[PDB]
């Protein structure tokens, strides 16, 4: 019988306009409306499953921040990540007696800086990613980009570590990984290719791991509120409505990528698990 762990991998801050587009627009009375710098959790999910350990997302690389960090200067100042050492993925896994080598499957929701940071560690896993997301990230790597949400140094390491990739084709959906574990293909929206996960736990029932397909309850609505910069705005909305439909049809809880208040109510890996 599977156990599912929520691992706390620190906090990030950014302009709220990135999370909720035009959340507070200028008006005649407030022509110089100040934005704000919200904080939100970064997290990862481990499913300790009889058929093999599954990891959903991988958080940020420990070498992300600082003068010698992988993230570019402007990226560090716009999306600072604060994490104590216990928050690093390898530490969180170690405290559960789980070594990187023990992971059979890693689902990369997408290849942004806060979800793909530690892919390089899982050299024995099959790494599951959307084919267009994989293609889009590799192109940014070939153009040698120092700034942005795709980290050159992270991608460099994935290639050097020769990860065993399995790309999800753009017309593939509902891919059964193990009993009660199903990959959901949301396609393009927030990024080129978003994957989610549906988990059926014997006791707790259905869970949908949405990652950045839905940032928060405010994004989810109604009304649906899209992020400030969006790759495929139509796809984004269509993906949110697909999540809602699946949630309703399967009586599933939806776990957002970065909701401070939802995350607060999760039992974390320091305290236990869901079964």
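Residue numbers count along the first chain shown, from 1.
J.: Could you check which stretch, 208-216 or 223-231, carries the larger mean CA temperature factor in the entry?
T.: In the deposited entry, the stretch with the higher C-alpha B-factor mean is 223-231.
J.: Between 56-64 and 27-35, point out the one with the higher average CA B-factor as the PDB entry records it.
T.: Result: 27-35.
J.: Which of these, 109, 188, 126, 76, has its C-alpha atom at the highest B-factor, as the entry lists it?
T.: It is 76.
J.: Which is it among 114, 133, 147, 154: the one with the largest CA B-factor in the entry?
T.: Spelled out: the listed residue with the top C-alpha B-factor is 147.
J.: Considering only modelled residues of the same chain, in which third does the CA B-factor of residue 258 rank: lowest, middle or highest?
T.: Its C-alpha B-factor belongs to the lowest third of this chain's values.
J.: Based on the deposited C-alpha B factors for this chain, I'd like to know if residue 252 is in the lowest, middle or highest third.
T.: Answer is middle: the recorded C-alpha B-factor places it there.
J.: By its CA B factor, does residue 275 count among the lowest, middle or highest third of the modelled residues in the chain?
T.: It falls in the top third of the chain.
J.: Quick check on the deposited entry: does the C-alpha B-factor of residue 168 sit in the lowest, middle or highest third of its chain?
T.: It falls in the bottom third of the chain.
J.: Test of reading the entry: by CA B factor among the chain's modelled residues, which third contains residue 193?
T.: For residue 193, the deposited C-alpha B-factor lands in the lowest third.
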